[PDB]
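Chain residues, written in single-letter form:
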Amino acid sequence: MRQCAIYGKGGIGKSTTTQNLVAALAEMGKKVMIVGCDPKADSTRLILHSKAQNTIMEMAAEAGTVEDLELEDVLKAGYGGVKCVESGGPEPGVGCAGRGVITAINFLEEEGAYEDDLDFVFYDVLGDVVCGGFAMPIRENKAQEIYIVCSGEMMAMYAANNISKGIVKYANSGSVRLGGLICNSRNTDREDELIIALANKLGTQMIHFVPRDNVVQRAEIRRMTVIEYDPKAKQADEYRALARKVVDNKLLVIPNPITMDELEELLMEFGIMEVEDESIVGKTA
Amino acid sequence: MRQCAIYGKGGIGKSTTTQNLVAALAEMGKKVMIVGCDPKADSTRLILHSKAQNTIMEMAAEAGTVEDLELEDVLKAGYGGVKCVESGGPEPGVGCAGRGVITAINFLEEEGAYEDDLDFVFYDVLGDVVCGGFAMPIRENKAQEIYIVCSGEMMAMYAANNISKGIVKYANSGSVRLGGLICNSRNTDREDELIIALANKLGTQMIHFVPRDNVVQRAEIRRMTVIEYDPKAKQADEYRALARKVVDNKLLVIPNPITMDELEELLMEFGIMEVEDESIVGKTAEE
Ligand code: SF4
């Protein structure tokens, strides 16, 4: 069983890419489980055709304690037999993402959910502020092959750099490694070139460039993946290509994070960021 | 001294509005301090015309402990005499954002940064995932008046609701209260009506609607607020109006958070989100 995680910031389609990748793996005959660890996204909605899946945190509070929770109420099967679980985001004002994911993983391990025919587990993790809590899957050596979803924009690339810093922090134990960057296109010129250049500086690869295509939203509105909604679409073949490359990937590395100066240099080289006129700084009109 | 915090999610102009509001208060004769508590934004760059202000976390790490730091190296003055500090985000992979923010605030107190002549302190806090960490300024009673920057978009309004739930969590034990919503316009139709409706459901008010105007960008490129770059511009009057309403505000409430169904209902009612056709859910193209 390969223990994987998809990390990335919010608002760039990370969870839609994760679920479409997972659907492509199931189509290939792989047994997969998704464990949602992103308080800002529905990590399983497209596999289950659901509005919202009951979370481990919510159900544990409904049954009093996680000790009296039944696996059947938290683990659901959807398209292609993919098994789906949601951890539950932190209780507002009180919770910590690190505590929630420890609780979910310990529960699934005690109930034998990882023992199956399982070929892959994917943790879908919010990777923006890479604090100790959201890095808990790394610290606990559960997210062993990490793929970072990003886009050719400053905040998404900054997040990729901070996720890489988190991987570096734990390099002296366990075996957590970076497997590559996935570029979720935003229809920006030279975006593919930019993420390839970032991957090169980080010491990894851009494993796939995911195009923007209206069929993604046509499937999302029906609460499904493209693989299920229209397996003949061009975009379905894009997710199949990504899935094949993930299955076959042996290029797992400890990355080399960059400085903010180096990041700004990349954004300028590829036309995203304009040069700063230091001569007008502080000058009124 | 009034202890305020601005909470809201990233990517919607929160720190730009905070600094322009603070600059308007300084122009009004108020002595203000900004304490930056957002890992993802720069809360002081437009007050200092700076590319980046050295943070307490980074300087403490170089010096060894926060006990080795001098206030003169972390607290800098900029436009209108506004004093600026940056807490610094968590060390990636290990740190907690809240523990760093509380370490920073305690250092400022012990070194007398809250001078008896200060009119306002504003904490600029990331309010998206409102975990225990980013609620630590609320739990530790460091900010009494919370203002939420939002916009007429699902994720920003979800963040506003989460911030409100964090406030409720500590209301029976402390004095923290919600003072209002500030709408950062995104040129979306009926956006002001949407935030007026949300504020009413939560029990608060829309304290101001901040329009979008190219003059904000023209000042930003020079690392400046609009108040300093062009105090005659119309947008400069919006920040002054916002500053006046904050000074005069007396509505400080325990909010009433809404459910996600009620939030989607608001978004569908005001044209942001379409009605969902249940009949096509789960139906393949072949069907
Ligand atoms: S470690 Fe991160 S998720 Fe946990 S309370 Fe601190 S900031 Fe929040």
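- This entry lists X-ray crystallography as its structure determination method and reports a resolution of 1.60 Å.

- The name the PDB entry assigns to chain B is Nitrogenase iron protein, from the organism Azotobacter vinelandii.
- Listed in the archive, the entry goes by the title "Structural and Mechanistic Insights into CO2 Activation by Nitrogenase Iron Protein".
- Entered under Sequence similarities (unreviewed entry) in the UniProt record, the comment concerning chain B runs "Belongs to the NifH/BchL/ChlL family."
- Under the UniProt heading Subunit (unreviewed entry), the entry covering chain B gives this text: "Homodimer."

- Looking at the PDB entry, one finds chain A named Nitrogenase iron protein, with Azotobacter vinelandii as its source organism.
- Here chain A is described in UniProt, under the heading Subunit (unreviewed entry), as follows: "Homodimer."
- Its UniProt record gives chain A the following Catalytic activity (unreviewed entry) comment, quoted word for word: "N2 + 8 reduced [2Fe-2S]-[ferredoxin] + 16 ATP + 16 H2O = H2 + 8 oxidized [2Fe-2S]-[ferredoxin] + 2 NH4(+) + 16 ADP + 16 phosphate + 6 H(+)".

### Here we look at the pairing of strand β1 (residues 2-8) of chain A
Residues and elements named next belong to chain A.
So, point 1. β1 sits mainly inside the fold: 6 of its 7 residues count as buried.
So, point 2. As defined by bridge partners, β1 adjoins strand β5 (residues 120-126) across 7 bridges and the pair is classed as parallel. Each bridged residue has a counterpart across the sheet, and for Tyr7 the counterpart in β5 is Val125.

### Concerning the UniProt feature "binding site: [4Fe-4S] cluster" (unreviewed entry) in chain B
Residue and element names in this part refer to chain B.
So, point 1. The UniProt record marks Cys96 and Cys131 with the feature "binding site: [4Fe-4S] cluster" (unreviewed entry), using the residue numbering of this structure. These residues run over 36 residues, yet every pair of their C-alpha atoms falls within 10.3 Å of each other.
So, point 2. Secondary-structure assignment places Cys96 in the loop between β4 (83-86) and α5 (97-110).
So, point 3. Here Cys96 falls in the partly exposed class, since its relative accessible area comes to 30%.
So, point 4. Residues contacting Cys96, with those up to four places away along its chain left out, are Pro90, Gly133 and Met136.
So, point 5. By secondary structure assignment, the location of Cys131 is in the loop between β5 (120-126) and α6 (136-139).

Rules and cut-offs
Residues numbered from 1 in each chain as written, not as in the entry; some residues may be left out. Chains lettered and ligands numbered in written order. Heavy atoms only, no water. Residues with missing side-chain atoms left out of burial classes, pairs and counts. UniProt positions renumbered as here; feature names shortened; annotations may be inferred. Buried < 20%, exposed > 50% of the residue type's maximum accessible area, 1.4 Å probe, protein only. Helix = DSSP H or I, 4+ residues; strand = E, 2+ residues; numbered from the N terminus. Pairing = 2+ DSSP bridges. Contact = heavy atoms within 4.5 Å.

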